[PDB]
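Source file: my_file13.tsv; contents: TSV, C-alpha atoms and all ligand atoms.
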```tsv
chain	number	residue	atom	x	y	z
A	1	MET	CA	2.95	-12.40	13.97
A	2	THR	CA	2.32	-12.77	10.20
A	3	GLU	CA	2.34	-9.54	8.14
A	4	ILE	CA	0.49	-9.63	4.79
A	5	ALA	CA	0.83	-6.76	2.32
A	6	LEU	CA	-2.33	-6.22	0.25
A	7	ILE	CA	-1.59	-4.72	-3.19
A	8	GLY	CA	-2.91	-4.74	-6.76
A	9	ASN	CA	-4.08	-2.52	-9.60
A	10	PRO	CA	-6.63	0.22	-8.90
A	11	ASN	CA	-10.24	-0.99	-9.11
A	12	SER	CA	-9.34	-4.68	-8.67
A	13	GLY	CA	-11.53	-4.77	-5.50
A	14	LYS	CA	-8.80	-4.23	-2.94
A	15	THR	CA	-10.71	-1.92	-0.59
A	16	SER	CA	-13.65	-4.38	-0.76
A	17	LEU	CA	-11.45	-7.38	0.12
A	18	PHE	CA	-9.55	-5.35	2.74
A	19	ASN	CA	-12.81	-4.36	4.48
A	20	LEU	CA	-14.16	-7.94	4.46
A	21	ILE	CA	-10.91	-9.39	5.87
A	22	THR	CA	-10.34	-6.82	8.63
A	23	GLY	CA	-13.91	-5.61	9.36
A	24	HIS	CA	-13.57	-2.66	11.72
A	25	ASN	CA	-10.07	-3.55	13.06
A	26	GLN	CA	-8.58	-0.84	10.75
A	27	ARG	CA	-5.96	1.83	11.52
A	28	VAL	CA	-5.71	4.91	9.26
A	29	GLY	CA	-2.82	7.37	9.06
A	30	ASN	CA	-0.15	8.21	6.50
A	31	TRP	CA	3.20	7.05	5.14
A	32	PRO	CA	6.03	9.10	6.72
A	33	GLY	CA	6.61	12.55	5.11
A	34	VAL	CA	4.49	11.60	2.06
A	35	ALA	CA	0.88	12.54	1.14
A	36	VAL	CA	-0.30	8.96	0.78
A	37	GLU	CA	-2.84	7.14	2.94
A	38	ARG	CA	-1.43	4.38	5.12
A	39	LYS	CA	-3.92	1.79	6.30
A	40	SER	CA	-3.72	-1.57	8.03
A	41	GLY	CA	-5.82	-3.94	10.08
A	42	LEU	CA	-5.93	-7.27	11.92
A	43	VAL	CA	-7.72	-10.13	10.14
A	44	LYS	CA	-11.14	-10.36	11.82
A	45	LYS	CA	-11.09	-14.18	12.04
A	46	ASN	CA	-7.39	-14.52	13.05
A	47	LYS	CA	-5.80	-11.63	14.99
A	48	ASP	CA	-2.25	-13.07	14.70
A	49	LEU	CA	-2.46	-12.02	11.01
A	50	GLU	CA	-2.20	-8.33	10.07
A	51	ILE	CA	-2.98	-6.81	6.66
A	52	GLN	CA	-0.89	-3.82	5.53
A	53	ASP	CA	-2.74	-2.17	2.67
A	54	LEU	CA	-0.58	-0.65	-0.04
A	55	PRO	CA	-1.59	1.97	-2.60
A	56	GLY	CA	-3.21	0.58	-5.75
A	57	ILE	CA	-0.64	0.75	-8.54
A	58	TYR	CA	-0.15	-0.43	-12.12
A	59	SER	CA	3.64	-0.73	-11.76
A	60	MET	CA	6.65	-0.05	-9.45
A	61	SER	CA	8.16	2.93	-11.33
A	62	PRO	CA	10.30	5.54	-9.52
A	63	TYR	CA	8.14	8.57	-10.48
A	64	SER	CA	5.00	8.22	-8.27
A	65	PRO	CA	4.87	8.74	-4.47
A	66	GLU	CA	2.39	5.78	-4.23
A	67	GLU	CA	4.59	3.42	-6.25
A	68	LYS	CA	7.66	4.38	-4.17
A	69	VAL	CA	5.73	3.70	-0.96
A	70	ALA	CA	4.64	0.31	-2.40
A	71	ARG	CA	8.21	-0.51	-3.32
A	72	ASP	CA	9.95	0.86	-0.23
A	73	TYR	CA	7.68	-1.18	2.04
A	74	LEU	CA	7.99	-4.45	0.05
A	75	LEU	CA	11.81	-4.17	-0.11
A	76	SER	CA	12.02	-3.35	3.65
A	77	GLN	CA	11.33	-6.98	4.68
A	78	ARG	CA	8.43	-5.99	7.02
A	79	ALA	CA	6.10	-8.26	4.97
A	80	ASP	CA	6.02	-12.04	5.34
A	81	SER	CA	3.54	-12.29	2.41
A	82	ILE	CA	2.14	-10.34	-0.52
A	83	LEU	CA	-1.54	-10.99	-1.17
A	84	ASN	CA	-1.89	-9.74	-4.76
A	85	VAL	CA	-5.44	-8.63	-5.60
A	86	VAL	CA	-5.92	-9.33	-9.33
A	87	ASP	CA	-8.82	-8.34	-11.61
A	88	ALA	CA	-9.85	-11.64	-13.25
A	89	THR	CA	-11.83	-9.74	-15.96
A	90	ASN	CA	-8.57	-8.04	-17.04
A	91	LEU	CA	-6.09	-10.80	-16.11
A	92	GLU	CA	-3.13	-10.17	-18.40
A	93	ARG	CA	-2.66	-6.43	-17.71
A	94	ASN	CA	-2.94	-6.94	-13.93
A	95	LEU	CA	-0.21	-9.59	-14.14
A	96	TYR	CA	2.22	-6.83	-15.27
A	97	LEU	CA	2.55	-5.76	-11.61
A	98	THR	CA	2.31	-9.38	-10.42
A	99	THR	CA	5.62	-10.21	-12.14
A	100	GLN	CA	7.32	-7.27	-10.41
A	101	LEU	CA	5.84	-8.27	-7.03
A	102	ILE	CA	7.22	-11.83	-7.33
A	103	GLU	CA	10.69	-10.31	-8.05
A	104	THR	CA	10.85	-8.65	-4.59
A	105	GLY	CA	11.31	-12.15	-3.13
A	106	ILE	CA	8.42	-11.79	-0.67
A	107	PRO	CA	6.18	-14.77	-1.62
A	108	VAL	CA	3.08	-13.87	-3.62
A	109	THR	CA	-0.44	-15.31	-3.26
A	110	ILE	CA	-3.06	-14.18	-5.82
A	111	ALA	CA	-6.67	-13.35	-4.91
A	112	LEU	CA	-8.10	-13.77	-8.40
A	113	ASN	CA	-10.89	-11.28	-7.71
A	114	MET	CA	-14.09	-10.48	-9.62
A	115	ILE	CA	-14.55	-14.16	-10.51
A	116	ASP	CA	-18.36	-13.60	-10.39
A	117	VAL	CA	-18.20	-11.13	-13.33
A	118	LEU	CA	-15.97	-13.45	-15.41
A	119	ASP	CA	-18.97	-15.84	-15.84
A	124	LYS	CA	-12.65	-18.66	-18.85
A	125	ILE	CA	-9.70	-19.07	-16.44
A	126	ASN	CA	-8.04	-22.29	-15.27
A	127	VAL	CA	-7.02	-21.51	-11.67
A	128	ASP	CA	-4.86	-24.63	-11.07
A	129	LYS	CA	-3.02	-24.20	-14.40
A	130	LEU	CA	-2.60	-20.44	-13.85
A	131	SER	CA	-1.01	-21.11	-10.44
A	132	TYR	CA	1.27	-23.79	-11.87
A	133	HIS	CA	2.83	-21.56	-14.59
A	134	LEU	CA	3.04	-18.32	-12.55
A	135	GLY	CA	4.56	-20.35	-9.69
A	136	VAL	CA	2.32	-18.65	-7.07
A	137	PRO	CA	-0.85	-19.87	-5.37
A	138	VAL	CA	-4.09	-18.58	-6.94
A	139	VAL	CA	-7.50	-18.52	-5.17
A	140	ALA	CA	-10.61	-17.38	-7.06
A	141	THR	CA	-12.44	-14.80	-4.92
A	142	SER	CA	-15.50	-12.58	-5.04
A	143	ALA	CA	-15.70	-9.54	-2.74
A	144	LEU	CA	-19.31	-9.06	-3.98
A	145	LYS	CA	-20.51	-12.61	-3.16
A	146	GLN	CA	-17.97	-12.95	-0.29
A	147	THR	CA	-16.38	-16.17	-1.64
A	148	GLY	CA	-12.73	-17.24	-1.42
A	149	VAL	CA	-11.86	-14.53	1.09
A	150	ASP	CA	-11.02	-16.75	4.10
A	151	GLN	CA	-9.36	-19.24	1.70
A	152	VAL	CA	-7.00	-16.67	0.14
A	153	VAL	CA	-6.11	-15.19	3.56
A	154	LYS	CA	-5.30	-18.72	4.77
A	155	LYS	CA	-3.19	-19.46	1.67
A	156	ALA	CA	-1.27	-16.17	2.05
A	157	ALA	CA	-0.73	-16.76	5.80
A	158	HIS	CA	0.92	-20.11	4.92
A	159	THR	CA	2.87	-18.75	1.86
A	160	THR	CA	5.57	-16.68	3.61
A	161	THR	CA	9.32	-15.88	3.60
A	162	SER	CA	9.73	-18.67	6.26
A	163	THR	CA	7.50	-21.38	4.63
A	164	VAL	CA	8.45	-20.93	0.97
A	165	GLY	CA	12.03	-21.91	0.04
A	166	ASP	CA	12.13	-22.39	-3.74
A	167	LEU	CA	11.12	-18.88	-4.83
A	168	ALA	CA	10.10	-19.30	-8.50
A	169	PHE	CA	10.76	-16.09	-10.49
A	170	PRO	CA	9.42	-15.31	-13.96
A	171	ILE	CA	12.12	-16.56	-16.36
A	172	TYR	CA	12.57	-14.36	-19.43
A	173	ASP	CA	14.46	-14.70	-22.76
A	174	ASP	CA	17.99	-16.23	-22.47
A	175	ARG	CA	19.51	-12.93	-23.69
A	176	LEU	CA	17.85	-10.91	-20.81
A	177	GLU	CA	18.62	-13.63	-18.26
A	178	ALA	CA	22.29	-13.54	-19.30
A	179	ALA	CA	22.41	-9.80	-18.55
A	180	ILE	CA	20.61	-10.29	-15.19
A	181	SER	CA	22.98	-13.14	-14.27
A	182	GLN	CA	25.92	-10.91	-15.18
A	183	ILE	CA	24.53	-8.08	-13.02
A	184	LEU	CA	23.88	-10.43	-10.04
A	185	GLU	CA	27.44	-11.76	-10.31
A	186	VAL	CA	28.70	-8.15	-10.40
A	187	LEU	CA	26.51	-6.98	-7.44
A	188	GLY	CA	27.46	-9.96	-5.29
A	189	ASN	CA	26.85	-9.04	-1.64
A	190	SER	CA	26.01	-5.35	-2.32
A	191	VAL	CA	22.21	-6.07	-2.29
A	192	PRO	CA	19.86	-8.33	-0.25
A	193	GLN	CA	19.80	-12.02	-1.30
A	194	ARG	CA	15.97	-12.27	-1.29
A	195	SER	CA	15.37	-9.23	-3.53
A	196	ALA	CA	18.62	-9.49	-5.58
A	197	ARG	CA	16.71	-10.12	-8.83
A	198	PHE	CA	14.50	-7.02	-8.21
A	199	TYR	CA	17.59	-4.83	-7.87
A	200	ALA	CA	19.38	-6.42	-10.87
A	201	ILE	CA	16.43	-5.76	-13.17
A	202	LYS	CA	16.16	-2.17	-11.82
A	203	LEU	CA	19.87	-1.45	-12.39
A	204	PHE	CA	19.38	-2.88	-15.91
A	205	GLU	CA	16.58	-0.33	-16.35
A	206	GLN	CA	18.88	2.44	-14.89
A	207	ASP	CA	16.33	3.10	-12.17
A	208	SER	CA	17.09	6.37	-10.34
A	209	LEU	CA	15.97	5.31	-6.84
A	210	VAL	CA	17.91	2.02	-6.94
A	211	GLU	CA	21.15	3.61	-8.24
A	212	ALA	CA	20.99	6.35	-5.58
A	213	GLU	CA	20.31	3.76	-2.81
A	214	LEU	CA	23.08	1.18	-3.40
A	215	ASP	CA	26.73	2.01	-2.54
A	216	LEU	CA	28.17	0.49	-5.72
A	217	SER	CA	31.91	0.73	-6.44
A	218	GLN	CA	33.35	2.09	-9.73
A	219	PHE	CA	34.25	-1.54	-10.61
A	220	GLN	CA	30.65	-2.61	-10.09
A	221	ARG	CA	29.21	0.45	-11.94
A	222	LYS	CA	31.39	-0.06	-15.07
A	223	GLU	CA	30.53	-3.78	-15.42
A	224	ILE	CA	26.76	-2.96	-15.22
A	225	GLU	CA	27.17	-0.29	-17.96
A	226	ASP	CA	28.96	-2.82	-20.24
A	227	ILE	CA	26.21	-5.43	-19.65
A	228	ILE	CA	23.49	-2.86	-20.49
A	229	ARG	CA	25.29	-1.45	-23.54
A	230	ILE	CA	25.81	-4.90	-25.07
A	231	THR	CA	22.31	-6.29	-24.35
A	232	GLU	CA	20.74	-3.26	-26.13
A	233	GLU	CA	22.71	-4.22	-29.28
A	234	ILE	CA	21.71	-7.91	-28.99
A	235	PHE	CA	17.98	-7.02	-28.71
A	236	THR	CA	18.05	-3.86	-30.92
A	237	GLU	CA	15.92	-2.04	-28.25
A	238	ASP	CA	16.54	0.12	-25.15
A	239	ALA	CA	16.95	-1.54	-21.70
A	240	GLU	CA	13.53	-0.40	-20.44
A	241	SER	CA	11.77	-1.57	-23.62
A	242	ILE	CA	13.49	-4.98	-23.35
A	243	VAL	CA	12.12	-5.53	-19.82
A	244	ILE	CA	8.64	-4.21	-20.75
A	245	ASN	CA	8.35	-6.55	-23.79
A	246	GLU	CA	9.77	-9.52	-21.82
A	247	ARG	CA	7.23	-9.07	-19.01
A	248	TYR	CA	4.36	-9.12	-21.51
A	249	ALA	CA	5.83	-12.09	-23.43
A	250	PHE	CA	6.00	-14.05	-20.17
A	251	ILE	CA	2.38	-13.07	-19.41
A	252	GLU	CA	1.30	-13.98	-22.97
A	253	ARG	CA	2.97	-17.47	-22.68
A	254	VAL	CA	1.55	-18.30	-19.21
A	255	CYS	CA	-1.96	-17.30	-20.29
A	256	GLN	CA	-1.67	-19.41	-23.49
A	257	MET	CA	-0.60	-22.42	-21.40
A	258	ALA	CA	-3.62	-22.00	-18.98
A	259	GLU	CA	-6.32	-19.86	-20.79
A	301	LIG	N1	-18.70	-7.87	-9.27
A	301	LIG	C1	-17.71	-7.64	-8.41
A	301	LIG	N2	-17.43	-6.39	-8.02
A	301	LIG	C2	-16.43	-6.15	-7.15
A	301	LIG	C3	-15.65	-7.18	-6.64
A	301	LIG	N3	-14.75	-6.65	-5.83
A	301	LIG	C4	-14.96	-5.34	-5.83
A	301	LIG	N4	-15.98	-5.02	-6.63
A	301	LIG	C5	-16.59	-3.69	-6.95
A	301	LIG	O1	-15.63	-2.90	-7.65
A	301	LIG	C6	-15.86	-1.52	-7.35
A	301	LIG	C7	-14.52	-0.98	-6.78
A	301	LIG	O2	-14.18	-1.77	-5.64
A	301	LIG	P1	-12.91	-1.42	-4.79
A	301	LIG	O3	-12.75	-2.31	-3.59
A	301	LIG	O4	-13.06	0.14	-4.40
A	301	LIG	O5	-11.63	-1.50	-5.83
A	301	LIG	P2	-10.18	-0.88	-5.43
A	301	LIG	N5	-10.13	0.58	-6.07
A	301	LIG	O6	-9.06	-1.73	-5.88
A	301	LIG	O7	-10.19	-0.70	-3.84
A	301	LIG	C8	-16.95	-1.47	-6.26
A	301	LIG	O8	-18.19	-1.20	-6.90
A	301	LIG	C9	-16.99	-2.87	-5.69
A	301	LIG	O9	-18.33	-3.21	-5.25
A	301	LIG	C10	-15.90	-8.48	-7.03
A	301	LIG	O10	-15.24	-9.43	-6.62
A	301	LIG	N6	-16.93	-8.71	-7.92
```

Rewrite the coordinates I just gave you, this time as structure tokens.
Ligand SMILES: Nc1nc2c(ncn2[C@@H]2O[C@H](COP(=O)(O)OP(N)(=O)O)[C@@H](O)[C@H]2O)c(=O)[nH]1
Amino acid sequence: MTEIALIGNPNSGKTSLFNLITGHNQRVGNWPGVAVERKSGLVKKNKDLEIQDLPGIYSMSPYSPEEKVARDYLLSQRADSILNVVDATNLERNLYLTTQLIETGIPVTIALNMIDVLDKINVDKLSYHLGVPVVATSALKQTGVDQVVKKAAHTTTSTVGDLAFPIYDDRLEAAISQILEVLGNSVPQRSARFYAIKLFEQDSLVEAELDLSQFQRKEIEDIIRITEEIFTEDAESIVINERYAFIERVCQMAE
């Protein structure tokens, strides 16, 4: 009845959390026509909640079969929640994916894992500035697991209304606004920002997927051409640097 997608960087403790949450209620198979493990399970302590594991990834690029599975599933609306496993010992770099996950429009909850090793992070202030709930967990000591599962189960597409996205530089936002206004009804409302950023990056999968008119296509090219002159960097590099700047600010404001 509530579908939670478990994802995060490799070696963030995702398997460990997944096994604790689901116990031996796990199903193993594969993603259709792709050589990638598919696993899921019911939450041991609440069988109305189901965890869909997703391959560990650093980013949602179009080049990797794992990343495409991650993306295709999150943009398919099967998930009510994303429970983002984050390595607290390497916070900033893990948040690179976190920003992308928020952009899908499926509400994110962060299991701030490996908190035991970390023994400075202000959980309440980190949650405030990222705009997602954050629960310190330890898969080793088995702390915060039930708490984060409970937060995620109550942080869904039907409970969350004001979806707070990472706001970037005015000059990138202008280009995203212009792309959203161009796209209009040609993409889903929930994940509109995800698609706009991807079109701005000239993402092969997204271009091939959307039936965009010549009118739409030409406006998006203009927007991209101009924004590259305003920033003096290529579209991809603009988005990469803006993601890290947003991560660098948020971490400054909360340690
Ligand atoms: N100290 C500590 N180790 C953890 C924690 N979570 C996972 N690990 C350890 O990290 C290593 C990799 O764990 P794993 O679940 O496979 O990470 P992944 N690859 O994201 O599934 C294992 O040795 C596991 O015991 C944690 O919260 N604290």

Quiz item: Could you name the residues that touch range 206-212 of chain A at 12 Å or less, counting only C-alpha atoms, but leaving out those on the same chain fewer than 6 positions away, as a PyMOL selection string?
Solution: chain A and resi 60-65+67-69+71-72+75+187+190-191+196+198-200+220-221+224-225+227-229+238-241+243

Quiz prompt | Distance filter 9 Å around ligand LIG 301 (chain A), atoms: all atoms listed in the file, out as a ChimeraX atom specification | solution = /A:7-19,55-56,85-88,112-118,141-147

Quiz item: Got a sec: who's within 12 Å of residue 74 in chain A, counting only C-alpha atoms, leaving out chain neighbours fewer than 2 positions off, as a PyMOL selection string?
Solution: chain A and resi 3-7+52-55+60+67-72+76-83+100-108+194-195+198

For C-alpha atoms, I'd like the residues from the last selection saved as a short mmCIF file (atom, residue, chain, number, x, y, z; two decimals), keeping the file's coordinate frame.
```
data_model
loop_
_atom_site.label_atom_id
_atom_site.label_comp_id
_atom_site.auth_asym_id
_atom_site.auth_seq_id
_atom_site.Cartn_x
_atom_site.Cartn_y
_atom_site.Cartn_z
CA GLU A 3 2.34 -9.54 8.14
CA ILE A 4 0.49 -9.63 4.79
CA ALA A 5 0.83 -6.76 2.32
CA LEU A 6 -2.33 -6.22 0.25
CA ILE A 7 -1.59 -4.72 -3.19
CA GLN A 52 -0.89 -3.82 5.53
CA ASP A 53 -2.74 -2.17 2.67
CA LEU A 54 -0.58 -0.65 -0.04
CA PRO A 55 -1.59 1.97 -2.60
CA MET A 60 6.65 -0.05 -9.45
CA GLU A 67 4.59 3.42 -6.25
CA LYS A 68 7.66 4.38 -4.17
CA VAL A 69 5.73 3.70 -0.96
CA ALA A 70 4.64 0.31 -2.40
CA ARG A 71 8.21 -0.51 -3.32
CA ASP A 72 9.95 0.86 -0.23
CA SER A 76 12.02 -3.35 3.65
CA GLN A 77 11.33 -6.98 4.68
CA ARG A 78 8.43 -5.99 7.02
CA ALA A 79 6.10 -8.26 4.97
CA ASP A 80 6.02 -12.04 5.34
CA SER A 81 3.54 -12.29 2.41
CA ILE A 82 2.14 -10.34 -0.52
CA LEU A 83 -1.54 -10.99 -1.17
CA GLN A 100 7.32 -7.27 -10.41
CA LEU A 101 5.84 -8.27 -7.03
CA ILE A 102 7.22 -11.83 -7.33
CA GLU A 103 10.69 -10.31 -8.05
CA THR A 104 10.85 -8.65 -4.59
CA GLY A 105 11.31 -12.15 -3.13
CA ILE A 106 8.42 -11.79 -0.67
CA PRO A 107 6.18 -14.77 -1.62
CA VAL A 108 3.08 -13.87 -3.62
CA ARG A 194 15.97 -12.27 -1.29
CA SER A 195 15.37 -9.23 -3.53
CA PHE A 198 14.50 -7.02 -8.21
#
```

Exercise. Can you work out which one of A:231, A:90, A:109, A:217 has the shortest atom-to-atom distance to residue 154 in chain A, counting only C-alpha atoms?
Key: A:109

Quiz item: Using only C-alpha atoms, what residues lie at most 6 Å away from (-6.2, -19.9, -18.7) (file coordinates), given as a PyMOL selection string?
Solution: chain A and resi 125-126+255+258-259

Quiz prompt | Local residues around (16.8, -8.3, -16.8), at most 7 Å away, using all atoms listed in the file, as a PyMOL selection string | solution = chain A and resi 176-177+179-180+200-201+204+243

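Between CA of residue 162 in chain A and CA of residue 22 in chain A lies a distance of 23.4 Å.
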
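With CA of residue 38 in chain A on one side and CA of residue 2 in chain A on the other, the separation reads 18.3 Å.
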
Would you place a box with edges along x, y and z of the file around all atoms of range 87-106 of chain A listed there, add 6 Å to each of its six sides, and report the centre and edge lengths in Å to one decimal, as JSON?
```
{"center_x": -0.3, "center_y": -9.0, "center_z": -9.5, "size_x": 35.1, "size_y": 18.4, "size_z": 29.7}
```

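From CA of residue 94 in chain A back to CA of residue 171 in chain A, the distance works out to 18.0 Å.
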
Practice problem: Show which residues sit within 9 Å of residue 44 in chain A, as a ChimeraX atom specification. Count only C-alpha atoms, and ignore same-chain residues fewer than 3 positions away. | Solution: /A:20-25,41,47,49

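Minimum atom-to-atom distances from A:131, A:98, A:59, A:84 to residue 110 in chain A were compared using only C-alpha atoms, and the lowest value belongs to A:84.
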
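Of the residues under consideration (A:30, A:111, A:175, A:256), A:175 shows the shortest atom-to-atom contact distance to residue 242 in chain A when counting only C-alpha atoms.
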
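When only C-alpha atoms are used to compute distances to residue 73 in chain A, the closest of the residues A:226, A:132, A:89, A:32 turns out to be A:32.
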
Please return range 208-220 of chain A, rebuilt to N, CA and C atoms, as a PDB file, keeping the file's coordinate frame.
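Okay, out-v7.pdb is ready:
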```
ATOM      1  N   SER A 208      16.509   5.282 -11.143  1.00  0.00           N
ATOM      2  CA  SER A 208      17.090   6.370 -10.340  1.00  0.00           C
ATOM      3  C   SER A 208      17.138   6.084  -8.843  1.00  0.00           C
ATOM      4  N   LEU A 209      16.028   5.619  -8.271  1.00  0.00           N
ATOM      5  CA  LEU A 209      15.970   5.310  -6.840  1.00  0.00           C
ATOM      6  C   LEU A 209      16.977   4.221  -6.460  1.00  0.00           C
ATOM      7  N   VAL A 210      17.021   3.148  -7.249  1.00  0.00           N
ATOM      8  CA  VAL A 210      17.910   2.020  -6.940  1.00  0.00           C
ATOM      9  C   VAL A 210      19.396   2.392  -7.050  1.00  0.00           C
ATOM     10  N   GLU A 211      19.767   3.142  -8.081  1.00  0.00           N
ATOM     11  CA  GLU A 211      21.150   3.610  -8.240  1.00  0.00           C
ATOM     12  C   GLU A 211      21.593   4.474  -7.077  1.00  0.00           C
ATOM     13  N   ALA A 212      20.744   5.435  -6.698  1.00  0.00           N
ATOM     14  CA  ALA A 212      20.990   6.350  -5.580  1.00  0.00           C
ATOM     15  C   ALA A 212      21.074   5.667  -4.207  1.00  0.00           C
ATOM     16  N   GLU A 213      20.446   4.503  -4.075  1.00  0.00           N
ATOM     17  CA  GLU A 213      20.310   3.760  -2.810  1.00  0.00           C
ATOM     18  C   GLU A 213      21.515   2.857  -2.499  1.00  0.00           C
ATOM     19  N   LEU A 214      21.957   2.112  -3.512  1.00  0.00           N
ATOM     20  CA  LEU A 214      23.080   1.180  -3.400  1.00  0.00           C
ATOM     21  C   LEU A 214      24.437   1.903  -3.436  1.00  0.00           C
ATOM     22  N   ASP A 215      25.338   1.521  -2.531  1.00  0.00           N
ATOM     23  CA  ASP A 215      26.730   2.010  -2.540  1.00  0.00           C
ATOM     24  C   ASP A 215      27.534   1.061  -3.429  1.00  0.00           C
ATOM     25  N   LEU A 216      27.513   1.340  -4.731  1.00  0.00           N
ATOM     26  CA  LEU A 216      28.170   0.490  -5.720  1.00  0.00           C
ATOM     27  C   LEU A 216      29.511   1.108  -6.094  1.00  0.00           C
ATOM     28  N   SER A 217      30.561   0.292  -6.068  1.00  0.00           N
ATOM     29  CA  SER A 217      31.910   0.730  -6.440  1.00  0.00           C
ATOM     30  C   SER A 217      32.004   1.060  -7.921  1.00  0.00           C
ATOM     31  N   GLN A 218      33.067   1.781  -8.306  1.00  0.00           N
ATOM     32  CA  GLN A 218      33.350   2.090  -9.730  1.00  0.00           C
ATOM     33  C   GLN A 218      33.458   0.794 -10.550  1.00  0.00           C
ATOM     34  N   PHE A 219      34.129  -0.214  -9.991  1.00  0.00           N
ATOM     35  CA  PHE A 219      34.250  -1.540 -10.610  1.00  0.00           C
ATOM     36  C   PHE A 219      32.878  -2.122 -10.923  1.00  0.00           C
ATOM     37  N   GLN A 220      32.016  -2.130  -9.916  1.00  0.00           N
ATOM     38  CA  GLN A 220      30.650  -2.610 -10.090  1.00  0.00           C
ATOM     39  C   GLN A 220      29.908  -1.768 -11.144  1.00  0.00           C
TER      40      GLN A 220
END
```
